[PDB]
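A short worksheet on the structure shown next.
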Amino acid sequence: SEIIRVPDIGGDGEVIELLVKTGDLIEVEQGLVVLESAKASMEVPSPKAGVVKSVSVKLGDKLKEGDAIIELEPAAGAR
């Protein structure tokens with residue numbers, strides 16, 4: 001699995017709402033979270049089609065770029 005931290009926003013990223021859960025399988029397109037900026041709010045979908053494994057963040061919490069956000073587990077066959 002790979003950890004997905006905050007991308008390059010150019011400022012601080014405050015979590016507004018969370019439309020995901022643990023064990024939920026996302027897709028390459030569906031949104032994932034809604035962070036707000038100092039001049040515009042941006043959303044971040046799932047960067048990989050996997051199943052949420054653990055949430056290292058919360059709703060309303062603040063995070064600075066470079067900080068880990070969540071850990072998706074893209075079962076690449078494994079079996």
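In the structure tokens, chains take the letters A, B, ... in the order shown, each chain's residues start at 1, and ligands count up from 1 in the order shown.
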**OP:** Tell me, as number ranges by chain, which residues lie within 8 Å of residue A:51, counting only C-alpha atoms; anything in the same chain fewer than 6 positions away does not count.
**Re:** A: 22-26, 72-75
Export, as an mmCIF file, in the first residue's frame, the selected residues with N, CA and C atoms.
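Contents of result_39.cif, as written:
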```cif
data_model
loop_
_atom_site.group_PDB
_atom_site.id
_atom_site.type_symbol
_atom_site.label_atom_id
_atom_site.label_comp_id
_atom_site.auth_asym_id
_atom_site.auth_seq_id
_atom_site.Cartn_x
_atom_site.Cartn_y
_atom_site.Cartn_z
ATOM 1 N N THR A 22 -13.560 3.816 6.257
ATOM 2 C CA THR A 22 -12.499 2.772 6.317
ATOM 3 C C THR A 22 -13.027 1.473 5.705
ATOM 4 N N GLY A 23 -12.247 0.839 4.873
ATOM 5 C CA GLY A 23 -12.705 -0.432 4.244
ATOM 6 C C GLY A 23 -13.541 -0.119 3.002
ATOM 7 N N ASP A 24 -13.762 1.137 2.725
ATOM 8 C CA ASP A 24 -14.569 1.505 1.528
ATOM 9 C C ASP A 24 -13.666 1.543 0.295
ATOM 10 N N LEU A 25 -14.077 0.914 -0.773
ATOM 11 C CA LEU A 25 -13.241 0.915 -2.006
ATOM 12 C C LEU A 25 -13.571 2.152 -2.844
ATOM 13 N N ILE A 26 -12.594 2.974 -3.118
ATOM 14 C CA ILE A 26 -12.851 4.194 -3.928
ATOM 15 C C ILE A 26 -12.557 3.897 -5.400
ATOM 16 N N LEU A 72 -4.410 4.193 1.463
ATOM 17 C CA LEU A 72 -5.291 3.307 0.651
ATOM 18 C C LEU A 72 -4.557 2.000 0.348
ATOM 19 N N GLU A 73 -5.265 0.904 0.324
ATOM 20 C CA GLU A 73 -4.610 -0.401 0.034
ATOM 21 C C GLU A 73 -5.093 -0.925 -1.321
ATOM 22 N N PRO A 74 -4.331 -0.632 -2.341
ATOM 23 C CA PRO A 74 -4.644 -1.056 -3.717
ATOM 24 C C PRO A 74 -4.290 -2.532 -3.915
ATOM 25 N N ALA A 75 -5.123 -3.420 -3.447
ATOM 26 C CA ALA A 75 -4.834 -4.872 -3.609
ATOM 27 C C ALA A 75 -4.389 -5.146 -5.047
#
```
Original post:
Skipping near chain neighbours, those fewer than 4 positions away, what residues fall within 12 Å of residue A:2 using only C-alpha atoms, listed as a list in words?
Top reply: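 The residues satisfying every condition are residues 47, 48, 49, 50, 51, 52, 53, 54, 68, 69, 70, 71, 72, 73, 74, 75 and 76 of chain A.
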Original post:
Out of A:35, A:12, A:42, A:29, which residue has the shortest atom-to-atom distance to residue A:58 when counting only C-alpha atoms?
Top reply: A:35
**OP:** List every residue of chain A that DSSP, applied to the backbone of this structure, assigns to strand (DSSP E or B), and report them as JSON, numbers by chain.
**Re:** {"A": [2, 3, 4, 5, 12, 13, 14, 15, 16, 17, 18, 25, 31, 32, 33, 34, 35, 36, 41, 42, 43, 44, 45, 51, 52, 53, 54, 55, 62, 63, 64, 68, 69, 70, 71, 72, 73]}
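Pairwise distance (atom CA of residue A:3, atom CA of residue A:38) equals 25.4 Å.
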